[PDB]
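So you can see what is in the structure, the chains are spelled out below.
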Amino acid sequence: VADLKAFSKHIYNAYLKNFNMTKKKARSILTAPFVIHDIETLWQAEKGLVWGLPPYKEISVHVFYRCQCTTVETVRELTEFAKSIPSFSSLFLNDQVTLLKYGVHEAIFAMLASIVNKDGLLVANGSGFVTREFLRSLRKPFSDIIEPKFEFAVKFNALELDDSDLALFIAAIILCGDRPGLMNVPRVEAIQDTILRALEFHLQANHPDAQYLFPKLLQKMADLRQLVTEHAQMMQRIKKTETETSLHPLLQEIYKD
Amino acid sequence: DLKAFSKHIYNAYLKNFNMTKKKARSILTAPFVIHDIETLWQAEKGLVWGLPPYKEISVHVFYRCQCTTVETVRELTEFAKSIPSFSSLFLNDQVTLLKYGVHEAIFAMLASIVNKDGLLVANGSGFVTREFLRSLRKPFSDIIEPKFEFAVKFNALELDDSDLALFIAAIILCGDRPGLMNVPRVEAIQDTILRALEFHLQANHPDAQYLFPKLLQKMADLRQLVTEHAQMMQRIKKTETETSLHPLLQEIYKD
Ligand SMILES: O=C(Nc1ccccc1C(=O)O)c1cccc(S(=O)(=O)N2CCc3ccccc3C2)c1
Ligand SMILES: O=C(Nc1ccccc1C(=O)O)c1cccc(S(=O)(=O)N2CCc3ccccc3C2)c1
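Cut-offs used in this document
Residues numbered from 1 in each chain as written, not as in the entry; some residues may be left out. Chains lettered and ligands numbered in written order. Heavy atoms only, no water. Residues with missing side-chain atoms left out of burial classes, pairs and counts. Near = heavy atom within 4 Å. Polar contact = N/O pair within 3.5 Å; in protein donor to acceptor, adjacent residues only side chain to side chain. Areas by Shrake-Rupley, 256 points an atom, 1.4 Å probe, with all protein chains shown as cover. Helix = DSSP H or I, 4+ residues; strand = E, 2+ residues; numbered from the N terminus. Nonpolar A, V, L, I, M, F, W, Y, C, P; charged D, E, K, R; others polar. Pairing = 2+ DSSP bridges. Axes fitted to C-alpha atoms, helices over the stretch in contact; angles between N-to-C directions.

Method information in the entry identifies X-ray crystallography as the source of the structure, with 2.90 Å recorded as the resolution.

(A) Quick look at the site of ligand 1. Residues and elements named next belong to chain A. Looking at ligand 1, there are 18 residues lining it, with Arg 66, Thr 70, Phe 109, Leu 112 and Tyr 255 nearest. The contact in question runs from an oxygen atom of ligand 1 to an N or O atom on the side chain of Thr 70, over 2.8 Å. Alone, ligand 1 offers 630 Å² of accessible surface; in the complex the protein occludes 96% of this. Of all the secondary structure elements, the ones that give two or more residues to the shell around ligand 1 are α4 (59-83), α6 (93-112), β2 (120-123), α8 (143-157) and α11 (213-241). With six residues, the single largest contributor to the shell around ligand 1 is α4. Taken together, the residues of the shell around ligand 1 sort by class into 13 nonpolar, three polar and two charged.

(B) The arrangement of the sheet that holds strand β1 (residues 34-36) of chain A in detail. Residue and element names in this part refer to chain A. Here three strands make up an open sheet; going across it, the order is β1-β3-β2 and the pairing mixed. Only two strands of the sheet have a single partner each, and these edge strands are β1 and β2. Going across the sheet, the axis of each strand differs from the next one's by a mean of 25°, ignoring polarity. The sheet contact formed by β2 and strand β3 (residues 128-131) spans four bridges and is antiparallel. Within β3, the residue paired with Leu 121 across the bridge is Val 130.

(C) Representation of the sheet that holds strand β1 (residues 32-34) of chain B within the structure. All names here are of chain B. Taking strand neighbours across the sheet as the criterion, the three strands line up as β1-β3-β2 in an open arrangement whose pairing is mixed. Among the strands making up the open sheet, the edge pair consists of β1 and β2 (118-121). Across the sheet, the axes of successive neighbouring strands diverge by a mean angle of 30°, strand direction being ignored. As judged from the three bridges shared by β1 and strand β3 (residues 126-129), these two strands associate in the parallel manner. Looking at β3, one finds that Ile 34 is bridged to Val 128.

Printed below as a string of structure tokens:
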């Protein structure tokens, strides 16, 4: 219980040091950003009011490129976050990459819930708010990509986790010993079990009255697996049917499996 | 900007490697001499030094080479990370560079702990004789011999630690590695290292002609060396099935 109070605080610092957008910062904004709800307001957002990119093609593809850019920026933040966990950094560099490779999207979808409400999501570091309605209005198969992440984000936010809960949840997602090609599995498993025990102790103190919060959270991790799988499946469809669209090499690398 | 860069790398080098060429040369000019089974046994029992379960002598030496190789991969990983431009690459690119670079780097650094007669082991405490390494049974005797051949020809160039620092950095930040994600960037960093190395060789070795191009040729030689090493490790994995290879080395010899 004592080594676990310490551990949790250490991770919460790695979290606060490395992510530009916390749930605390986001909730206070969501309760002014510039609302992007159509082409005119998107054009206005670009021209200064909110914001290099691959050459212009069309609006649904443009949004698709901005999602990729945001995804990459978050992979960096997550990379720096993980490295800030001493036990992570003491793994072999090839194992670090394996964990990140299979972990990042699950983590990204987990953190998305922080910047989301029923109506849309905060973009460009809180400067803008893209409406969910506008994202459904994009042509197929681009409209299909973001919609399930929303569905998930609403159900997730109902658990009312704060940044210190998320810190440990994210760390658990990344330091997960079931990843294929993992070199030193027992070690990764050991570190995970510590994170999970820490998370669980932390949930008791931080949420005294919330029942079943820990097992519900574990189920959320299973859900994120299904989410990422379904994401990968859709990116295959874009790579095949939308050959004119281009995918950032780092995402190509991740989606490869 | 190149005087600065070189000094920065020389610090990463001195901070990260336990055995420099200066430290080695002064020892090689007392370590405990391992030249046979009795002196190997004596070296183990305290006089010099977990491992995989005992099998036989040629395999034991083979396990100690693996252990040393792994420890150096760590030192090299920390060394490279100590280059800001390296650390600013994507983590998957860092791993690619290290994957294909380390063995070339290891064989380059080996020359520092080697003379005609043998090599310094266990952080300078011991000296294993070349003769004893030839005396090991096949295919284990074949593994180390070419690295020696290379190390003698290499030491003739009389490089100091500050030359090696930049040479190693060049070996690692090499943009010709397969599966490299951001090639132009890696190439840009390399060219800086190579320009630095070249400027540094003029100042550090005013009279040595053709030292820079000869060094470039040494990098091509190391490629051939590593290729031939990989080929031999395939033979041990296939014919010596009872022998075990460290998982990290299994990863590197794969592709
Ligand atoms: O909707 C989003 N962003 C935007 C939407 C509209 C306009 C601008 C942006 C932006 O973030 O710049 C948005 C943000 C964060 C996350 C997401 S997502 O739906 O979780 N995302 C992550 C993985 C991924 C990988 C490849 C392609 C698309 C995606 C989609 C969307
Ligand atoms: O000769 C050496 N080591 C020893 C030999 C005898 C006894 C002890 C040691 C020791 O290093 O402790 C030795 C040291 C450092 C390097 C080398 S090596 O020949 O460059 N080495 C590196 C790659 C590799 C990978 C897998 C298997 C073998 C090898 C061969 C040998």
